[PDB]
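So the protein sequences, as listed, match chains D, C, F, P, J, R and O.
Letter by letter, the first sequence follows residues 156 to 357, 362 to 448 of the entry's author numbering.
Letter by letter, the second sequence follows residues 303 to 357, 368 to 448 of the entry's author numbering.
Letter by letter, the third sequence follows residues 11 to 32, 82 to 357, 368 to 448 of the entry's author numbering.
Letter by letter, the fourth sequence follows residues 471 to 475 of the entry's author numbering.
Letter by letter, the fifth sequence follows residues 460 to 464 of the entry's author numbering.
Letter by letter, the sixth sequence follows residues 471 to 475 of the entry's author numbering.
Letter by letter, the seventh sequence follows residues 471 to 475 of the entry's author numbering.
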Amino acid sequence: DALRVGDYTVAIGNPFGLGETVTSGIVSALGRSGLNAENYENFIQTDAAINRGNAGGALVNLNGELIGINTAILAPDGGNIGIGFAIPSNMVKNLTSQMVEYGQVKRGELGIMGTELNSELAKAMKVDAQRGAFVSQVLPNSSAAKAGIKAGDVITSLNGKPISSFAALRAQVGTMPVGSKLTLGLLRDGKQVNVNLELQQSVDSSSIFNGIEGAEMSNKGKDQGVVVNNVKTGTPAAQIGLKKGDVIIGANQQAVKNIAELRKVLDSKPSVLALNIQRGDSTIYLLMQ
Amino acid sequence: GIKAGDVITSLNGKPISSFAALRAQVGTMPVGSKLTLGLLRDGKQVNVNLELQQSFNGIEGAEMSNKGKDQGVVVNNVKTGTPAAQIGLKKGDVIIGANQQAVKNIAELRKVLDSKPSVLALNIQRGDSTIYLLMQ
Amino acid sequence: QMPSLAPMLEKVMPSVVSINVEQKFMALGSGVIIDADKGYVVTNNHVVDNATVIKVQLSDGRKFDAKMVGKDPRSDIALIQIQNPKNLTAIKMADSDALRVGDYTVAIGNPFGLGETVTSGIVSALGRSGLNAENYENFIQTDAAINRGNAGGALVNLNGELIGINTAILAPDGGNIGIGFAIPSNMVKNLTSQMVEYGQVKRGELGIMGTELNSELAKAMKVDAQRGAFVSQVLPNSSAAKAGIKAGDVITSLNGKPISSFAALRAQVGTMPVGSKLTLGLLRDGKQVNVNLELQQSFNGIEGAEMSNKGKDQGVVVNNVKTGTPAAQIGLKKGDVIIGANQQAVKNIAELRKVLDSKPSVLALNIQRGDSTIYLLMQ
Amino acid sequence: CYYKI
Amino acid sequence: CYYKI
Amino acid sequence: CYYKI
Amino acid sequence: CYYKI
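What follows is the structure, encoded as structure tokens:
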């Protein structure tokens, strides 16, 4: 977060298996995102020479301290043309420290929806700042809603640090663990507002299968099967027979009471699978693979 | 009371030459032209009079009307195939203000479009929630 | 305590913009602010040519609407003006004649519409030309990263002073390979300062033909220098003809600054306004020769016929007639005398003009050729 | 478009 | 869009 | 390569 | 065809 456009950068990596290759550049820009609009990317931009194999390599300042992990480049020909991207060290510092304790990430949510603040929207909202996070709405029962965040407010700073963009702010906090206390600078009706906060906790059939989309499922009651909540037409689950409301009772002659007992035989990897779901009063069977 | 399977034979006393004539004929009459038609259902003469048709304040695929006594503008409902329904407008919402300008009625909605903002920022309410929606 | 460009850049970056312009197409480029108050932004012509809509986005995000001021595609320079400017930051321009191969450069622009991107390099070389033998080209070459969208951007020195405008890259693939070219700031100064004062580029000529000077011609003509301008021929009635520049002469310097090539020399004065007095360093028969010069253009002379008044309010006598001219289409010949036109008598060039100021669709001239009285027709 | 956090 | 080294 | 200036 | 009057 101390980086600025203009600082000098040293890129280290291994392009094409040649060996450890050191290259030189400067911080071209900060807070860049859009390569994969779903990813959490607050990329650093550098003209340091970076080609296939530099990925996972360190981006350091003239003192050798890690300032970013080189990730991807923009190349219409696959060769470096002076545009490299690195994940800031603070996002790595926050994501490495989460994999040390729990092996995966406790993806925390505050509870506000929004979109980017352009120059046109600040003219309509007669807000001073021309960039930041615009609160389209706040979710009810969220810690953020508990803190006093009105819709239509603009976010400008976090922990004092100015915010380059919503997708940057989303990426910055998309890494911090659940319960991280932080400070926010706001602008509602031309007034500055500061508030502290704390994360709360946050399901596809492809979050249980990998490859089977368009069927939102979960547990039912107290160990009463895996209920199918909603299914979209022509999705990898509706092609086999999963309808909305089905209560998955069992599979391959063993009972299925929840997403846990289901995964006891899924990971047993049987050749062909036979669900014993039920379409209300009827008892039907479903087959896969 | 025009039913399917009927056959139009005349128009304003002048017999029709073809459907292609009739489609071209009335295709030029201004909107609201009251005419008369010669029909033929089950071999019986049926004359029917008519009046052309089009193809509160609804602006751009979204229907509105007044609400209460300066209670903003209540949202009626939107057809899911309109460009206004593709921006997340749902039935029942109420606009208290827009673009940081307080809105009492619809005369202050179209006075905001009289100002023609590039983006429209609305302060609608759905449920107990105070939210915002954007345009253009 | 580390070095960095960030202090210099945070002063300069507010002064470089991004441009959005729209078989309908959508385009993106860059521009640099020349005047804080008037909202003038310099940019490359191949960015805002055939522009119906010109949206400029500042460094903070503020969008603006801009319209055209001037253009000169021979040099690929165009000036736009932000409409309704509010709190704009101009850039400080440096004299590119102080540049030297090896000085560190910094390029600012909008590559692929990503946003303002800063890139570093050195002056790879100077005076480069030839990539379009008919364009006015005197490029600074640099190894600083420059790609599609950097056009119209800022190339500045380490103090932030603008030394050139990024224009085009040499790349077999469309991506920077360490060869970028930028029009020097001094050409931008002379070109934009004309687009404001005249709206277009008042092009002046000296009336000399010439080719480059190779090491092979230096031998044949007993010339010492190995690169310069070889005066093949001077047009009569040209400034050089008047100034007494003879054929077979060699131009070594311009105003003291030596010349790198003819193609550079051609591009320098191609940006100077008409009437720009200057001095040249010639070399004829092994004698160092200095010469001063004055550019020129390529009564009421109308459509290629010079005319003045005859007698005391006796009309307007035509004085010369160039063949193959609008005058030649009308048929008027030298010596012809006008009496009136469109049933209105003409006594002087003022009464002629007040009917030309009336701008009619057709023009009927009541002249007299020799002893005869005839009519001529126009428009 | 919109995104959650 | 972008490439992934 | 015989331009005019 | 299918035309609408």
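C-beta: ideal position from N, C-alpha, C; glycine also.
Grab me the residues of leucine 432 of chain F's own chain with a C-beta within less than 6 Å of its C-beta, minus the 5 sequence neighbours each way, in chain order. For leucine 432 of chain F, where only same-chain residues beyond five positions count, the Cβ hits under 6 Å are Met447 and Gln448.
Would you call the segment 309-318 of chain F and the segment 331-343 of chain F in contact, with 3 or more CB pairs under 8 Å? Enough Cβ pairs lie closer than 8 Å, so yes.
Could you work out which residues of chain J lie near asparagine 273 of chain D, taking near to mean beta carbons separated by less than 9 Å? The contacting residues do not exist; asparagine 273 of chain D stays about 21 Å from chain J at best.
Listed from N- to C-terminal order along the chain, which residues in the segment 323-350 of chain F have their beta-carbon within a distance smaller than 8 Å of any beta-carbon of chain R? Within the segment 323-350 of chain F, the qualifying residues are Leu324, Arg325, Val328 and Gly329.
DSSP on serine 252 of chain F, reduced to helix/strand/coil? Per DSSP, reduced to three states, the secondary structure at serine 252 of chain F is helical.
Between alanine 302 of chain D and chain J, is there a C-beta pair that is closer than 9 Å? Put simply, the CB of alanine 302 of chain D is far from chain J, with every gap to its CB atoms at 9 Å or more.
Would you mind reading off the limits of the beta strand (DSSP E) that contains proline 243 of chain F? Bounds of the beta strand (DSSP E) holding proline 243 of chain F are 239-243.
Between the CA atoms of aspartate 131 of chain F and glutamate 372 of chain F - distance to the nearest angstrom: Those two C-alpha atoms are separated by around 25 Å.
Listing by chain order, which chain C residues have their CB less than 9 Å from the CB of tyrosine 473 of chain O? Going along chain C in sequence order, the residues near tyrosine 473 of chain O (Cβ under 9 Å) are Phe321, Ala322 and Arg325.
Reducing DSSP to helix, strand and coil, say where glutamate 193 of chain F ends up. Assignment of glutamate 193 of chain F by DSSP, reduced to helix, strand and coil, places it in the coil class.
Residues that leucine 190 of chain D contacts on chain J, provided the C-beta gap is smaller than 7 Å: Residues of chain J passing the Cβ test: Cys460 and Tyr461.
Less than 9 Å between CB atoms is the rule here; does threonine 270 of chain D satisfy it with respect to chain C? It does: the Cβ of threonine 270 of chain D has a partner Cβ on chain C nearer than 9 Å.
Taking the alpha-carbon of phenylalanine 123 of chain F as reference, which of F:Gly129, F:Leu158, F:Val31 and F:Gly161 has the nearest alpha-carbon? For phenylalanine 123 of chain F, the nearest C-alpha among the options comes from F:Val31.
Roughly how many angstroms lie between the CA atoms of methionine 376 of chain C and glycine 404 of chain C, to the nearest whole one? The alpha-carbon atoms of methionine 376 of chain C and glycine 404 of chain C are separated by roughly 10 Å.
What's the call for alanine 210 of chain F, buried or exposed, on a 16-neighbour Cβ count within 10 Å? It is buried - the Cβ of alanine 210 of chain F has at least 16 other Cβ atoms within 10 Å.
If you drop the 5 nearest sequence neighbours on each side, which residues of the same chain put their C-beta closer than 7 Å to that of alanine 241 of chain F? The beta carbon of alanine 241 of chain F sits closer than 7 Å to those of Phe198, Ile199, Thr201, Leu214, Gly223, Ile224, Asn225 and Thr226, all from its chain and outside the five residues before and after it, given in chain order.
Nearest residue (CA-CA) to residue 358 of chain D, options D:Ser298, D:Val362 and D:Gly269: Position 357 is followed directly by 362 in chain D, which means residue 358 of chain D is not present among the coordinates.
List the endpoints of the continuous beta strand (DSSP E) containing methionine 376 of chain F. DSSP places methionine 376 of chain F inside the beta strand (DSSP E), whose first and last residues are 374-378.
For the beta strand (DSSP E) that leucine 432 of chain D lies in, which residues bound it at each end? Per DSSP, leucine 432 of chain D belongs to the beta strand (DSSP E) from 432-434.
Cβ closer than 8 Å: which chain R residues qualify as neighbours of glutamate 264 of chain F? Ordered by position in chain R, the residues that pass the 8 Å Cβ test against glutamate 264 of chain F are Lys474 and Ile475.
My assumption, with CB atoms under 8 Å, is that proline 295 of chain D sits in contact with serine 441 of chain C. Please give the rounded CB distance. Going by Cβ atoms, the distance from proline 295 of chain D to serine 441 of chain C rounds to 7 Å, so yes, they are a contact pair.
Once DSSP output is grouped into helix, strand and coil, what is the label at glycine 409 of chain C? Note: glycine 409 of chain C maps to strand in three-state DSSP.
Using DSSP with H/G/I as helix, E/B as strand and the rest coil, what is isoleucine 304 of chain C? DSSP, read as helix, strand or coil, puts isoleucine 304 of chain C in coil.
Is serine 134 of chain F close to chain R? Criterion is C-beta to C-beta, closer than 9 Å. For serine 134 of chain F, the answer is no, since every Cβ of chain R falls outside 9 Å of its Cβ.
Go through its chain and collect everything with a Cβ distance to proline 429 of chain C's Cβ below 6 Å, but skip five positions before and after it. Take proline 429 of chain C, set aside five residues on each side of it, and the residues of its chain with a beta-carbon closer than 6 Å to its own are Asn411, in chain order.
Taking the alpha carbon of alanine 157 of chain F as the reference point, which residue from F:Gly258, F:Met23, F:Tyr99 and F:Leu185 has its own alpha carbon closest? Of the candidates F:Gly258, F:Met23, F:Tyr99 and F:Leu185, the residue whose Cα lies closest to the Cα of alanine 157 of chain F is F:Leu185.
Let's test the definition: count the other Cβ atoms within 10 Å of the Cβ of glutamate 420 of chain D and tell me whether it reaches 16, buried, or not, exposed. Residue environment for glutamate 420 of chain D: buried (at least 16 other C-beta atoms within 10 angstroms of its C-beta).
Answer yes if the segment 263-283 of chain F comes into contact with the segment 167-185 of chain F, meaning at least three C-beta pairs across the two stretches below 8 Å, and no otherwise. With a cut-off of 8 Å, the segment 263-283 of chain F and the segment 167-185 of chain F do not count as touching, because too few Cβ pairs lie within range.
Got a sec? Which residues, its chain only, sit under 8 Å from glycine 370 of chain D by beta carbon, not counting five neighbours each side? When the five nearest sequence neighbours on each side are left out, the beta carbons in the same chain lying within less than 8 Å of the beta carbon of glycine 370 of chain D are those of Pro395, in order along the chain.
Own chain, CB closer than 6 Å to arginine 187 of chain D, minus 5 neighbours either side, in chain order: Closer than 6 Å at Cβ, skipping near neighbours: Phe198 and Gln200.
Under the three-state DSSP convention, the category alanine 153 of chain F falls into: Looking at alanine 153 of chain F - three-state DSSP - the assignment turns out to be coil, as it is neither helix nor strand.
State buried or exposed for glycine 219 of chain D, treating a residue as buried only when at least 16 other CB atoms are found within 10 Å of its CB. Its Cβ having fewer than 16 others within 10 Å, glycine 219 of chain D is exposed.
Hey, would you say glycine 98 of chain F sits closer than 9 Å to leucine 147 of chain F, going by beta carbons? A contact, by the Cβ cut-off of 9 Å.
Check the C-beta distance from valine 27 of chain F over to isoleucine 92 of chain F and give it rounded, since I have them as a contact under 8 Å. A Cβ-Cβ separation of about 7 Å places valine 27 of chain F in contact with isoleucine 92 of chain F under the 8 Å criterion.
Counterpart residues of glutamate 271 of chain D in DSSP-defined beta bridges: Looking at the DSSP assignment, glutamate 271 of chain D forms a beta bridge with D:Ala288.
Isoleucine 267 of chain D CB to nearest chain P CB: under 9 Å? So yes, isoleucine 267 of chain D belongs to the interface.
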